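One structure is given below, encoded as structure tokens.
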Amino acid sequence: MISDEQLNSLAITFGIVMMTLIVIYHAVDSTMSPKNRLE
């Protein structure tokens, strides 16, 4: 239902934001404590 501009914008937004959260959470979690299960 949304337009192309809205879709693309939301895509890059969720993508970037999510990436940062993953890097921040993983970085802090990894630095704070070790990895319970190898990757």
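2 is the number that the deposited numbering gives to position 2 of the sequence shown; each next residue is one higher, with no gaps. C-beta: ideal position from N, C-alpha, C; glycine also.
- In this structure, DSSP gives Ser-33 a state outside helix and strand, which the three-state scheme calls coil.
- Look at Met-18 here: in three-state DSSP terms it is helix.
- Assignment of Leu-10 by DSSP, reduced to helix, strand and coil, places it in the helix class.
- Note on geometry: alpha-carbon atoms of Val-28 and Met-19 lie some 14 Å from one another.
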